[PDB]
Amino acid sequence: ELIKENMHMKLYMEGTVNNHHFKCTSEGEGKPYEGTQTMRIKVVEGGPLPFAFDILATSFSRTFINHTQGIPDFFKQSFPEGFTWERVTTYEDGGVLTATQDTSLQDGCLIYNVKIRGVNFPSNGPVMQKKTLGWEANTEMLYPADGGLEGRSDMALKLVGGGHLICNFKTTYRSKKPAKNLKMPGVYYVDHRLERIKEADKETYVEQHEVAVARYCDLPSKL
């Protein structure tokens, strides 16, 4: 098929967080059907970045989720045209990060294009203070909405000193393949484990790995 057991990817990212512009590029490889993937990320403009690289990690790949049981894989269905996604992350201490993304497929390579706009990050919060230690695992919940696919997500950011800063994100996944040509799934969930493998030089270069596994709810029903 167009999606192979081993796929490579390229990323152009750019945007602004609390009036600080920046551009990043990434390179990576994953096993889309195993749901694993690596991203090696250079910051190429705006460095040194005043905020924690932790707020951009969900912005660097839906093609790498292992849809177990028989869950219709929205993301792999829409190639050869590809998909898009739009996200609003809201931190409980005010920070708000809107990311816009385009996923494309040209010459067997997945090209990601990303537009970030972060606002209201507090000067004295652990994000702008760079007091964060990556993310906890989380269950994302997905569902169809108006020919689209909605993702709902609570994530937990480790803090220096201990404890957590929670955020919430709303994601709309939109196919570029027309409705009639893909089989939408119902309600289901994706268990995620986003992780930092490496950073060099004040988060100037960052390596990221993900496990995404889709499933139904295992629990017994009385209905």
# chains A, B, ... in the order shown; residues from 1 in each chain; ligands from 1

$ residues_around --residues "residue 126 in chain A" --least-positions-apart "4" --cutoff "10 Å" --atoms "only C-alpha atoms" --output "ChimeraX atom specification"
/A:51-52,93,121-122,130-133,157-160,165

$ closest_atom_pairs --of "range 117-181 of chain A" --to "range 193-208 of chain A" --cutoff "10 Å" --atoms "only C-alpha atoms" --output "CSV"
residue,atom,partner,partner_atom,distance
A:130,CA,A:202,CA,9.9
A:133,CA,A:196,CA,9.2
A:134,CA,A:196,CA,6.9
A:135,CA,A:194,CA,6.8
A:136,CA,A:193,CA,7.3
A:137,CA,A:193,CA,4.7
A:138,CA,A:193,CA,6.8
A:139,CA,A:193,CA,9.0

$ select_by_dssp --residues "range 5-208 of chain A" --states "alpha helix (DSSP H)" --output "ChimeraX atom specification"
/A:74-77

$ write_last_selection --atoms "N, CA and C atoms" --output "JSON list (two decimals), in the first residue's frame"
[["chain", "number", "residue", "atom", "x", "y", "z"],
["A", 74, "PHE", "N", -8.76, 5.90, 9.99],
["A", 74, "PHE", "CA", -8.92, 7.23, 9.39],
["A", 74, "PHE", "C", -7.66, 7.80, 8.71],
["A", 75, "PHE", "N", -6.55, 7.76, 9.44],
["A", 75, "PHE", "CA", -5.31, 8.41, 9.01],
["A", 75, "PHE", "C", -4.62, 7.73, 7.82],
["A", 76, "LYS", "N", -4.52, 6.40, 7.88],
["A", 76, "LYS", "CA", -3.95, 5.62, 6.77],
["A", 76, "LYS", "C", -4.89, 5.53, 5.55],
["A", 77, "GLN", "N", -6.19, 5.70, 5.77],
["A", 77, "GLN", "CA", -7.16, 5.62, 4.67],
["A", 77, "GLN", "C", -7.00, 6.81, 3.70]]

$ select_by_dssp --residues "range 44-198 of chain A" --states "strand (DSSP E or B)" --output "VMD selection string"
chain A and resid 44 to 45 66 to 67 83 to 91 96 to 106 109 to 119 132 to 135 138 to 145 148 to 159 164 to 175 188 to 198

$ atom_distance --atom1 "CA of residue 36 in chain A" --atom2 "CA of residue 9 in chain A"
12.8 Å

$ residues_around --residues "residue 32 in chain A" --least-positions-apart "2" --cutoff "8 Å" --atoms "only C-alpha atoms" --output "MDAnalysis selection string"
chainID A and resid 3:7 30 34:37 63:66

$ residues_around --residues "residue 152 in chain A" --least-positions-apart "4" --cutoff "6 Å" --atoms "only C-alpha atoms" --output "ChimeraX atom specification"
/A:140-141,170

$ atom_distance --atom1 "CA of residue 181 in chain A" --atom2 "CA of residue 8 in chain A"
25.2 Å

$ closest_residue --among "A:13, A:119, A:99, A:184" --to "residue 172 in chain A" --atoms "only C-alpha atoms"
A:99

$ residues_around --residues "residue 49 in chain A" --least-positions-apart "4" --cutoff "12 Å" --atoms "only C-alpha atoms" --output "list in words"
residues 15, 16, 17, 18, 19, 20, 21, 22, 23, 24, 42, 43, 44, 45, 53, 54, 55, 56, 127, 128, 129, 130, 201, 202, 203, 204 and 205 of chain A

$ write_last_selection --atoms "N, CA, C and O atoms" --output "compact mmCIF listing (two decimals), in the first residue's frame"
# COMPACT_ATOMS: atom_id res chain seq x y z
N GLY A 15 6.15 29.12 14.21
CA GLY A 15 5.12 29.87 14.91
C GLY A 15 5.64 30.86 15.93
O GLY A 15 6.81 31.26 15.88
N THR A 16 4.75 31.27 16.85
CA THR A 16 5.07 32.26 17.88
C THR A 16 4.46 31.88 19.24
O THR A 16 3.30 31.49 19.31
N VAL A 17 5.26 32.00 20.30
CA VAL A 17 4.79 31.74 21.66
C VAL A 17 5.17 32.93 22.51
O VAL A 17 6.35 33.24 22.64
N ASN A 18 4.15 33.59 23.08
CA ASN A 18 4.33 34.83 23.84
C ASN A 18 5.32 35.75 23.14
O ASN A 18 6.42 36.01 23.64
N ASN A 19 4.91 36.20 21.96
CA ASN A 19 5.72 37.05 21.07
C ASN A 19 7.13 36.60 20.68
O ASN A 19 7.94 37.43 20.24
N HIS A 20 7.43 35.31 20.81
CA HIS A 20 8.73 34.82 20.37
C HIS A 20 8.56 33.86 19.20
O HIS A 20 8.06 32.74 19.36
N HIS A 21 8.94 34.34 18.02
CA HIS A 21 8.93 33.56 16.79
C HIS A 21 10.05 32.54 16.82
O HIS A 21 11.06 32.71 17.53
N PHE A 22 9.85 31.48 16.03
CA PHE A 22 10.76 30.35 15.95
C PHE A 22 10.42 29.45 14.76
O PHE A 22 9.29 29.42 14.28
N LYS A 23 11.42 28.71 14.29
CA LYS A 23 11.23 27.73 13.24
C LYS A 23 12.00 26.49 13.67
O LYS A 23 13.09 26.60 14.21
N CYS A 24 11.41 25.32 13.45
CA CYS A 24 12.05 24.04 13.72
C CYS A 24 11.94 23.16 12.48
O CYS A 24 10.99 23.30 11.70
N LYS A 42 15.64 19.91 15.24
CA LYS A 42 16.49 21.09 15.39
C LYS A 42 15.60 22.32 15.46
O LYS A 42 14.63 22.44 14.71
N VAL A 43 15.94 23.24 16.37
CA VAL A 43 15.37 24.57 16.36
C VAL A 43 16.31 25.39 15.49
O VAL A 43 17.51 25.42 15.73
N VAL A 44 15.77 26.03 14.45
CA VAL A 44 16.61 26.71 13.46
C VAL A 44 16.46 28.24 13.44
O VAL A 44 17.28 28.95 12.86
N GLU A 45 15.41 28.74 14.09
CA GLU A 45 15.24 30.18 14.29
C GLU A 45 14.60 30.43 15.64
O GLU A 45 13.81 29.60 16.11
N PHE A 53 10.63 23.39 25.89
CA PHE A 53 10.36 22.64 24.65
C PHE A 53 9.23 21.63 24.85
O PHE A 53 8.69 21.07 23.89
N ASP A 54 8.82 21.44 26.10
CA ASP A 54 7.73 20.54 26.40
C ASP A 54 6.37 20.92 25.80
O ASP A 54 5.49 20.06 25.71
N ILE A 55 6.19 22.17 25.38
CA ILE A 55 4.86 22.63 24.92
C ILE A 55 4.60 22.43 23.42
O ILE A 55 3.50 22.69 22.92
N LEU A 56 5.61 21.92 22.73
CA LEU A 56 5.57 21.68 21.30
C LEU A 56 5.61 20.20 20.93
O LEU A 56 5.49 19.86 19.76
N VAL A 127 6.55 26.68 32.63
CA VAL A 127 6.81 26.61 31.19
C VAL A 127 7.82 27.67 30.74
O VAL A 127 8.81 27.33 30.07
N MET A 128 7.57 28.93 31.08
CA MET A 128 8.45 30.03 30.69
C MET A 128 9.67 30.06 31.59
O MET A 128 10.72 30.57 31.21
N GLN A 129 9.53 29.50 32.79
CA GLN A 129 10.64 29.34 33.72
C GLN A 129 11.51 28.12 33.38
O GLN A 129 12.60 27.94 33.94
N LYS A 130 11.02 27.32 32.43
CA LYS A 130 11.67 26.06 32.02
C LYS A 130 11.87 25.10 33.19
O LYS A 130 12.96 24.55 33.40
N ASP A 201 21.97 20.98 24.19
CA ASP A 201 22.22 22.41 24.15
C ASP A 201 21.06 23.33 24.46
O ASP A 201 20.70 24.16 23.63
N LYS A 202 20.50 23.22 25.67
CA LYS A 202 19.38 24.07 26.07
C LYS A 202 18.16 23.85 25.15
O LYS A 202 17.55 24.80 24.66
N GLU A 203 17.86 22.57 24.91
CA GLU A 203 16.73 22.11 24.08
C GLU A 203 16.74 22.58 22.60
O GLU A 203 15.70 22.61 21.95
N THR A 204 17.95 22.90 22.11
CA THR A 204 18.24 23.35 20.74
C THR A 204 18.02 22.23 19.73
O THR A 204 17.59 22.46 18.60
N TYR A 205 18.38 21.02 20.16
CA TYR A 205 18.13 19.79 19.43
C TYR A 205 17.45 18.84 20.42
O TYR A 205 17.92 18.70 21.56

$ closest_residue --among "A:71, A:167, A:145, A:110" --to "residue 189 in chain A" --atoms "only C-alpha atoms"
A:71

$ closest_residue --among "A:87, A:67, A:103, A:150" --to "residue 117 in chain A" --atoms "only C-alpha atoms"
A:87

$ atom_distance --atom1 "CA of residue 143 in chain A" --atom2 "CA of residue 183 in chain A"
13.0 Å
